[PDB]
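Numbers restart at 1 for each chain; the letters A, B, ... are given by sequence-line order, proteins then strands.
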Amino acid sequence: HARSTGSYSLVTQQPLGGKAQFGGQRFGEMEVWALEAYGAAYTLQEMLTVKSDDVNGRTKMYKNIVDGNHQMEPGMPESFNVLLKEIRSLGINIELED
Amino acid sequence: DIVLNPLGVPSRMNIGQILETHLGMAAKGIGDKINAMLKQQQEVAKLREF
Amino acid sequence: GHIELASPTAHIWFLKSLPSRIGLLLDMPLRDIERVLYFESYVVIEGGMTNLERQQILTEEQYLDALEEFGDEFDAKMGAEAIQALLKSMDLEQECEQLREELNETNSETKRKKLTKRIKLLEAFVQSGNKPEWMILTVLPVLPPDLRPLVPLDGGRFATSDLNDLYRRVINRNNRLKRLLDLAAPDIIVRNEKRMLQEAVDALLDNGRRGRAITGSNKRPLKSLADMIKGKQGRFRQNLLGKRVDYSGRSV
Amino acid sequence: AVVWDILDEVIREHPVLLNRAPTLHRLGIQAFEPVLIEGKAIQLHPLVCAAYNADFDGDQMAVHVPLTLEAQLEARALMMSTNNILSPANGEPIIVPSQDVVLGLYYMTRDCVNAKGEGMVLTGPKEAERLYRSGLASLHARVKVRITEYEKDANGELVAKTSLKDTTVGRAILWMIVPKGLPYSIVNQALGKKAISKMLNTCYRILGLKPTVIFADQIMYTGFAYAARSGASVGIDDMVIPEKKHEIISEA
Amino acid sequence: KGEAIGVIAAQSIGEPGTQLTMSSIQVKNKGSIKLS
Amino acid sequence: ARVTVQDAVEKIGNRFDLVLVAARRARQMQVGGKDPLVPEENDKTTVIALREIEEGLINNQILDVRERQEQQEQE
Amino acid sequence: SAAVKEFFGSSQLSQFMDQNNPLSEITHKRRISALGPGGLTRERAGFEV
Amino acid sequence: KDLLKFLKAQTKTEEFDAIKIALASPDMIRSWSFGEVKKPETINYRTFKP
Amino acid sequence: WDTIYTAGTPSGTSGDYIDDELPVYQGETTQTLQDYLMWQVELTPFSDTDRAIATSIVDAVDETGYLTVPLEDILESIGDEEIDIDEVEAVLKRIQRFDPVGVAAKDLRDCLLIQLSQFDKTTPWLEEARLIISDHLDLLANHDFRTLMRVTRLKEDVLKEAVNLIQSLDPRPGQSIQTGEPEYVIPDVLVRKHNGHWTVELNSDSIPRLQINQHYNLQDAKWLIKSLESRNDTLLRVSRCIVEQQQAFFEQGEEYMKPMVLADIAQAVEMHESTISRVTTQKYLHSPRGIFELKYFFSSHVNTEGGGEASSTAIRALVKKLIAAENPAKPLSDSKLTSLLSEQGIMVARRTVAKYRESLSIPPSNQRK
Amino acid sequence: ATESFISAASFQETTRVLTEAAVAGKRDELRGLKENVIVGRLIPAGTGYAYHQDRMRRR
Amino acid sequence: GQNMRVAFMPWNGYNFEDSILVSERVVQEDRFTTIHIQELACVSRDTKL
DNA sequence: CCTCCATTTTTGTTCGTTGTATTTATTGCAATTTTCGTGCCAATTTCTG
DNA sequence: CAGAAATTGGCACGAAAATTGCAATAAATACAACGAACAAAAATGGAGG
Ligand SMILES: [Mg+2]
């Protein structure tokens with residue numbers, strides 16, 4: 001099984017799972033630990049943002065790759081915004097600043 | 001037909017496969033003798049004796 | 001969005017998460033506060049000039065006797081409004097100074113630790129901009145709809161999810177309580193409605209932590225907001241620390 | 001038909017990341033240069049399996065593509081399999097031969113008391129190889145070979161010395177892949193797994209990283225070739241039972 | 001500088017975890033005897 | 001540079017600074033339109049940068065000097 | 001009829017037959033399970049069972 | 001307005017340095033909201049719209 | 001006994017549902033026509049203004065792939081006063097060549113010309129078809145072939161080849177991107193003939209599992225239990241009354257439906273008119289004739305000279321039957337229709353007949369020959 | 001018992017950590033690896049190390 | 001299964017760590033060829049329109 | 001006989017890795033909007049001179 | 001090709017009919033199976049003065 005781009009989840013905006021759904025491979029905590037141990041910061045930032053759930057970054061990365069310019073402009077993952085909304089639904093004021 | 005690594009036998013201790021290989025060789029040899037007799041048509045007495 | 005609650009309701013996280021912050025701040029044991037919140041016993045908010053003092057936990061018969069003896073010379077309440085009144089009137093700097101004096105006067109080990117912890121809680125509350133009465137809910141936030149979608153079925157029909165069920169129960173209880181209160185019903189009914197509203201809000205915020213988990217059609221507990229937040233299937237461990245990615249494959 | 005030429009053009013020097021689960025240490029992910037093949041299975045270098053804890057009886061691997069230039073350079077400089085020959089837990093090599101390679105290297109570096117071609121005098125390793133390939137000398141025959149070896153100087157330069165060594169045909173044959181700077185006593189014995197690991201570690205400590213990769217690949221090739229040539233098998237007569245077993249059991 | 005050594009140490013300790021399970025003095029060799 | 005990066009690491013000293021320097025030079029050659037200082041032999045820019053660093057023709061100081069010179073020339 | 005249909009079609013111990021070969025079917029039909037309704041659970045079972 | 005700036009505003013990413021957590025006043029909760037929910041009814045099945 | 005099915009589609013699931021905890025529903029994303037169009041817009045070397053114009057243009061494309069607002073609307077929606085209309089036209093021309101070709105066209109002639117502009121010049125009957133589409137596209141709609149032949153100055157065979165080439169194109173290019181899946185409806189009440197008379201019965205696809213959680217609260221749900229029973233009772237009674245009053249619609253099809261209203265059923269079932277209007281909406285019944293909404297059986301009426309009333313649906317069916325068998329050489333005008341229905345006792349007007357014909361989507365008499 | 005409540009709520013006991021942090025009005029400075037992994041930034045180690053110092057000089 | 005003629009020996013690293021080396025004559029004779037069958041369904045329904 | 005310390009009891013939090021779903025409850029008024037048939041006239045096309 | 005009939009439909013008219021918000025609405029026997037470590041807090045016993 002292989003995948004370059006496909007359909008995403010509606011709430012988390014992340015790739016789905018399974019071969020029958022043309023899903024992606026999971027990059028769990030232990031793979032993150034391995035990348036941290038190597039010291040590959042840019043590979044990890046690619047895994048976390050422009051390949052899973054940074055939407056504008058997803059589109060701009062695809063356009064840049066087709067354009068012949070291998071460079072990313074990362075943003076904020078959608079799941080963190082979902083987390084902020086879910087925490088604020090508990091009556092707790094959590095926010096970014098400065 | 002097939003080549004298998006001999007290094008997988010001694011550490012796993014499944015010695016049944018080696019004995020099965022030997023006995024299968026013996027059975028195929030019996031079959032080969034019968035086939036050789038059948039091809040050069042010989043009398044039924046020799047076939048049933050063997 | 002938001003929901004306007006007809007009556008104040010305590011936040012279960014700040015009450016039933018050990019050590020209890022409400023109890024530690026009011027220096028009252030947890031069980032007494034739980035009894036008062038769930039409409040079982042009375043607490044005296046103002047001692048007035050009678051024998052009643054602060055935080056004394058009356059009962060129903062004791063309250064009736066107090067009413068017939070001392071009359072209208074005191075103030076005693078039950079429910080979340082009583083705890084809100086206790087928290088609102090209480091001061092912080094003076095309590096800090098008195099606790100410091102008591103700590104530096106008497107000599108012990110257990111009570112010294114208790115007073116140190118209470119002093120730390122009070123100082124933390126003063127340093128932050130928070131006010132203690134914010135630990136009682138009066139307005140309730142409502143999650144955006146696209147983060148709690150309905151479940152489509154065959155034939156072009158939808159089924160409600162768990163968060164929607166909990167929100168519906170809260171809204172129904174709130175509407176019934178508002179109608180009863182405007183209709184001037186007897187107290188023995190409005191108090192029951194208030195208790196059921198408190199239970200519904202507690203179930204919505206953290207289902208199963210207090211009492212028993214409310215189940216659905218599948219005889220299984222519903223998913224509250226805390227369930228979304230925490231666990232091995234929560235956002236942190238399932239989405240924010242690891243995730244599925246594009247440009248990947250697998251094979252033998 | 002042209003998209004395959006395009007595909008060969010784009011993957012030319014673009015690394016990929018291979019990962020096998022569970023990832024227990026950082027050597028569970030490694031970077032490789034792809035070679036396009038037919039079929040549906042991923043081919044893996046034999047020397048890295050120990051790092052992955054992988055074997056070819058049904059395992060699967062995931063493959064990821066780095067996109068930007070920084071990621072590609074990190075794959076080439078930090079994660080590539082040629083940068084990961086030493087363990088990070090201890091200082092020992094991890095990319096080391098095993099099984100068939102070890103069996104072949106052990107078999108070729110052995111001596112037999114009365115073997116064909118024993119007692120000859122050879123002008124060097126090439127004559128030993130020429131004799132072996134012609135059938136004129138056994139791989140285990142004890143001979144005398146003129147060996148030239150180099151040693152590093154105080155200022156860091158190699159000086160040569162040549163002498164007649166008592167060895168066997170197979171050890172002189174194996175000496176042709178050992179890089180300059182290592183002593184001949186490193187192969188003048190029957191090699192096992194520990195001896196080969198020691199030889200790789202000595203090569204790394206004396207000569208650096210670049211010769212060590214070449215040495216490891218040559219060792220793998222030679223071990224495979226001679227393990228194939230030996231014809232080593234397993235039979236039922238190989239498990240020899242001692243004759244004293246019956247008496248010992250009876251006495252017990 | 002910048003190496004993440006805590007993760008390396010934790011992985012080094014944790015990786016081999018699955019291999020683990022779940023009236024008199026007689027001198028042995030020649031040498032002087034020391035007391036402290 | 002095609003197999004090992006040992007010479008480049010020795011030239012730059014740190015394996016973490018080498019990635020940054022090589023990425024900067026490769027981005028110059030891939031998008032900025034600069035020409036390689038070594039004979040290109042059907043190599044990618046990521047490998048051309050490392051081969052330039054091996055020969056000692058490129059490091060951070062040289063890149064900064066060339067950037068200042070180019071900016072002053074364009075001014 | 002609803003109860004009988006539910007038991008035969010959606011119980012824990014009612015399963016699609018294993019049908020790779022005759023041996024799979026024979027093995028499936030002679031199988032004993034400690035799980036199911038009125039039995040143990042995969043996690044809170046024990047170690048001596 | 002201008003459509004170019006309108007479209008460019010919706011891809012802008014916030015820049016921050018720290019995360020701050022605290023209790024929420026009733027005024028803060030009201031300031032988050034865009035309206036109040038009064039009915040427990042989700043979808044009108046007789047017209048298929050909220 | 002309820003009929004047991006003699007055939008069926010074996011269920012898709014082939015698992016043992018062993019896991020006792022499964023996550024919450026989230027859903028997936030879908031690629032519609034506009035998603036594909038925007039994906040193509042991003043990967044095109046536009047400019048900032050060009051990309052804004054393209055965004056505004058793609059916003060206006062409908063399901064069939066046709067532009068739904070004039071270019072002046074788009075130019076106004078841009079919101080910048082330096083931009084003229086020719087830039088919008090150029091961006092629209094560039095967009096119209098995206099896959100599928102012909103999308104975002106102003107009208108049919110434009111789409112057909114766009115599709116013909118892509119064929120190589122060596123296609124045999126290209127100029128003739130181009131001329132037909134460009135100049136005379138309504139003479140083809142009238143199936144004339146003689147005045148068109150008198151204007152195009154061509155023989156028969158060339159015209160036939162050109163028409164065949166024209167009709168091989170795609171009039172709705174944007175329907176290729178199929179993001180939708182055919183959705184269906186589940187009948188709630190089934191009508192079957194028992195003892196020669198039609199009787200109704202509720203569908204058994206619902207959930208009748210009456211259960212309570214006595215392990216531990218359920219008092220509120222006890223009221224919902226009987227609320228469901230009330231819903232079932234009212235639905236069954238209303239449907240039964242409808243079927244009892246309409247015993248002749250099922251037997252002989254249309255042309256026999258009675259002119260009933262909400263008040264009749266309200267009087268029959270002893271409920272308010274509003275309740276009848278609520279129950280008989282978006283609820284369906286299945287009959288050997290098809291699936292019909294309960295609202296389908298309520299209709300208007302017209303005076304009958306014999307002293308009765310005739311439903312409007314019956315008159316629509318009679319109009320359909322009469323028009324279907326008109327004279328092919330010279331069709332029937334509505335003046336003729338009002339005369340034919342007059343002799344039968346149906347006293348309707350002429351404009352009413354025209355309205356009925358319009359509702360049935362039937363071309364006038366001159367267009368039916 | 002670390003200075004970051006994000007890095008502590010990610011690990012265990014989310015309810016207790018979040019309650020204490022909300023009561024105390026804590027502020028998180030995003031200095032560890034886990035915090036930057038959560039928000040999808042560059043970790044302050046390896047090739048990202050030289051990046052973070054730059055920001056720490058402009059703050 | 002099938003009866004295969006087998007030898008136990010190392011062959012140039014192609015049976016390294018539980019790998020199997022197979023002759024081309026095995027493939028030519030279709031000794032391990034299998035048949036797989038699949039079912040699909042189209043349902044013509046009735047709807048409102 | 002009181003405080004206070006130690007001890008047993010009570011409650012809470014954690015534990016290797018995928019699976020495919022069934023929700024809506026009504027009911028009686030007063031107001032509002034929607035729709036009905038049918039007339040009027042104006043533009044169309046159609047046949048005849 | 002010109003001169004009006006025959007046709008069709010947009011627009012409008014009163015009048016019947018379909019569609020909405022908004023307060024009022026009840027409670028009847030069964031329901032399940034078995035986990036282990038470990039820590040922090042609470043309830044009680046008991047002893048020094
Ligand atoms: Mg394996």
Side-chain angles (χ1 to χ4, degrees), chain A residues 17-18 20-21 26 28 30, chain C residues 16-19 29-31 108-111 150-154 157-161 164-165 168 179 209 216-219 231-232, chain D residues 21-22, chain G residues 37-41 43-47 49, chain H residues 40-43 45-47, chain I residues 12-15 17-19 21-25 206 213-216 218-231 233-234 261-263 271-281 295 298-303 312 333-336 348-358 364-366, chain J residues 12-13 15-16:
Chain A
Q21 304 181 258
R26 183 141 213 279
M30 289 138 68
Chain C
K16 257 248 182 175
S17 181
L18 312 178
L30 181 69
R31 301 175 302 100
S108 174
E109 167 65 24
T110 66
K111 292 178 180 177
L150 293 169
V151 202
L153 299 170
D154 48 326
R157 48 188 180 180
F158 299 91
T160 51
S161 56
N164 304 121
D165 301 327
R168 285 196 326 105
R179 171 165 49 89
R209 158 170 300 282
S217 58
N218 331 328
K219 67 175 184 180
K232 194 193 282 78
Chain G
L40 307 182
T41 49
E43 303 296 331
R44 303 156 58 252
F47 214 150
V49 74
Chain H
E41 309 166 13
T42 56
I43 289 295
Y45 278 98
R46 287 142 66 259
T47 178
Chain I
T13 62
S14 53
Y17 27 91
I18 182 62
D19 229 8
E21 277 288 346
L22 74 190
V24 288
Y25 170 82
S206 60
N213 41 85
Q214 301 288 352
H215 191 6
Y216 307 104
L218 32 67
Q219 304 132 328
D220 309 316
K222 295 303 178 177
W223 177 247
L224 179 71
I225 288 182
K226 52 193 65 61
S227 301
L228 310 190
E229 304 166 344
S230 170
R231 140 95 306 187
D233 156 62
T234 179
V261 288
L262 296 179
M271 278 177 173
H272 194 265
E273 170 195 8
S274 181
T275 299
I276 300 301
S277 169
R278 279 181 166 83
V279 177
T280 71
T281 302
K295 194 171 303 306
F298 300 96
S299 57
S300 59
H301 85 93
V302 198
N303 307 323
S312 69
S333 51
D334 307 2
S335 176
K336 316 296 174 55
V348 301
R350 209 285 317 184
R351 182 56 170 82
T352 308
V353 175
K355 169 188 180 64
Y356 287 166
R357 184 196 114 277
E358 163 259 21
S365 65
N366 66 285
Chain J
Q12 274 187 9
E13 314 189 26
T15 300
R16 195 192 70 177

**Request:** Check the surroundings of atom CZ in J/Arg16: do more than 12 heavy atoms from other residues, nucleotides or ligands lie under 6.0 Å from it?
**Result:** no
Distances for protein N/O vs nucleotides 38-49 of chain M N/O pairs under 3.5 angstrom?
none

Can you tell me how far [atom2] of [N] sits from [atom1] of [X], to the nearest Å?
X        : N      : atom1 : atom2 : answer
I/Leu228 : L/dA25 : CG    : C1'   : 7 Å
I/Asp233 : L/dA25 : CG    : P     : 14 Å
C/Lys232 : L/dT13 : NZ    : P     : 15 Å
C/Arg157 : L/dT22 : CZ    : P     : 9 Å
I/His301 : L/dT35 : NE2   : P     : 19 Å
J/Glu13  : L/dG12 : CD    : P     : 13 Å
I/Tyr25  : L/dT23 : OH    : P     : 15 Å
G/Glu43  : L/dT17 : CD    : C1'   : 12 Å

With the stacking criterion set to ring centres under 5.5 Å and planes under 30°, output yes or no for [N] and [M].
N      : M      : value
L/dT22 : L/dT23 : no
M/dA37 : M/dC38 : yes
M/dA16 : M/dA17 : yes

**Asked** Sequence neighbours excluded, which residues qualify as side-chain hydrogen bond (donor to acceptor under 3.5 Å, both in side chains) partners of I/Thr281?
**Response**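 With neighbours one apart ignored, the set is I/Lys295.
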**Message:** Once side-chain hydrogen bond (donor to acceptor under 3.5 Å, both in side chains) is applied, do any residues pair with I/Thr352, and if so which ones, sequence neighbours excluded?
**Reply:** none
**Message:** Has I/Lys222 got a side-chain atom pairing as donor or acceptor with I/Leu218's backbone, closer than 3.5 angstrom?
**Reply:**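 Side chain of I/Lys222 to backbone of I/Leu218, a donor-acceptor pair under 3.5 Å: no, none is there.
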**Request:** Mark yes or no for whether I/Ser277, through its side chain, and I/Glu273, through its backbone, hold a donor-acceptor pair below 3.5 Å.
**Result:**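 Looks like no, no N/O pair under 3.5 Å.
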Between [N] and [M], how many Å separate the two [atom1] atoms, rounded to a whole number?
N      : M      : atom1 : value
M/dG48 : L/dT7  : P     : 14 Å
M/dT29 : L/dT24 : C1'   : 26 Å
L/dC5  : M/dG49 : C1'   : 14 Å

Strictly below 4.0 Å: does [X] bring a side-chain N or O up to OP1 or OP2 of [N]?
X        : N      : value
I/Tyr17  : L/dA21 : no
I/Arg357 : M/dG9  : yes
C/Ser217 : L/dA21 : no
I/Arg231 : L/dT26 : yes
G/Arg44  : M/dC34 : yes
I/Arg351 : L/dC36 : no
I/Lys355 : L/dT38 : no

Sugar-phosphate only, base, or nothing, as touched by [X] at under 4.0 Å among non-hydrogen atoms:
X        : value
D/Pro22  : base
A/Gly18  : base
G/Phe47  : nothing
I/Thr352 : base

From the list [options], which nucleotide is the closest neighbour of the side chain of [X]?
X        : options                : value
I/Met271 : L/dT27, L/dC36, L/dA21 : L/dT27
J/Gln12  : L/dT17, L/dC15, L/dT38 : L/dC15
I/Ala349 : L/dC5, M/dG9, L/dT38   : L/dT38

**Fill in**
With syn defined as a glycosidic angle within 90 degrees of 0 and anti as anything else, the base of L/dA25 is anti
**Item:** M/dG35: syn or anti, per glycosidic angle within 90° of 0
**Value:** anti
Review item, nucleotides 3-7 of chain M N/O atoms under 3.5 Å of protein N/O:
residue	atom	partner	partner atom	Å
M/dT7	OP1	I/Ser333	OG	2.7

Show the nearest heavy-atom pair for residues [X] and [Y], with the distance to one decimal.
X        : Y        : result
C/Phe158 : H/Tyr45  : O-OH, 2.6 Å
C/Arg209 : C/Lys16  : NH1-O, 3.1 Å
C/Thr160 : C/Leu150 : CA-CD2, 3.8 Å
I/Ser274 : I/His272 : N-ND1, 3.0 Å

**Request:** Hunt down any stem DNA chain L takes part in, defined as 3 or more consecutive Watson-Crick or G-U pairs whose two distances are each under 3.5 Å.
**Result:**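 When the pairs of DNA chain L are grouped into runs of at least three, the stems are L:4-15 with M:35-46, L:25-49 with M:1-25.
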Extract from the structure each pairing of a protein N or O with an N or O of nucleotides 19-26 of chain M at less than 3.5 Å, listing the distance.
residue	atom	partner	partner atom	Å
M/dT19	OP1	I/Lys295	NZ	3.4
M/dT19	OP2	I/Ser277	OG	2.2
M/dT20	OP2	H/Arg46	NH2	3.2

**Prompt:** L/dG19 base to A/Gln21 side chain: any donor-acceptor pair below 3.5 Å?
**Reply:**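 Side chain to base: pair present.
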